[PDB]
Structures are given as C-alpha cells and as structure tokens.
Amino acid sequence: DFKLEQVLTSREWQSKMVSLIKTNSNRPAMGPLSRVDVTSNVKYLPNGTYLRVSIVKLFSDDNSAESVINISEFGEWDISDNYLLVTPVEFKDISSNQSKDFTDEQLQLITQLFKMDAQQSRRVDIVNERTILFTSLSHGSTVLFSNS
C-alpha cells in the first residue's frame, strides 16, 4: 500500500503556479494585486516529516515583482489511501518590498492565505513517472514535477 509513499519519498518535488486575479476589484485588503507567481520546492522524508520552501512574487502593474515573500515550512506528513495528510509545525516568512503599492498588512494577509492553503490535506494523483497532481477538498490543485 506504500506505493504512494515510495513515489513521494523517492524524489524531491518542484512546482510553479501563476495566479491571475481580475477579481482584484473585490478585495482592497489584498491591494492592487494583478498576478502572483509561486515557485516551490519540497522533500517528503521517510521519517514522516517534510520540508518546503516557497518564493512568492506579487505583481501590481510592473512586470516587476513589487514584493517577494520567502516562506519556509516544516511539518509531519502521512498517507491514507490516495490522500496526503500534512501537518505544519513551523512557518517562517521573510519579506522584501521595493514598492509603495503593497502595505505590510496586505503582505501579511497574503502570507496568511498561502499558510491556509499549505495546511490542507490533498488527493495525490500520479500523472507520469516524473509528475504528480495534488488536489484539495476545495477542488484547487497543483502539479508537481521532479528532475532526477
């Protein structure tokens, strides 16, 4: 049954996600946000622990990242059938802001919202020998890939 465990543990896993937000007119406590790029790297250890680092870039009008958040994570993980059950233990955020578009409170909110998605359990679907898909109960998903 640990087939899924052999896949997650055999490799380090990486992803990119771009979120494009034209419902920006429905939340000013996120500010002038138009786009979010997230790059992530994760290893699931056979310990039952994982570690994750994510670079979040926030965009307003500039094709320049107005703000970059580095989120580092550690926690427990477990499997039940197709479901990967995570349990974060520490979330570290370090921010950099080279812009007046985004306030401290907006970056803090966006950090809390990425913390809310990182905490969730997810169905694991094997897409190919290098690729897996993670799906949340809220039907949001992410595709992860592995180099070697």
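All residue numbers are counted from 1 along the displayed sequence.
- 100-108 and 40-48 differ in mean CA B-factor, and the higher of the two is recorded for 100-108.
- Here 135-143 and 20-28 are compared by their mean Cα B-factor, and 20-28 comes out higher.
- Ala65: CA B factor in the highest third of modelled residues in this chain (values from the PDB entry).
- For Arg35, the recorded CA B-factor ranks within the highest third of the chain. Only modelled residues enter the ranking.
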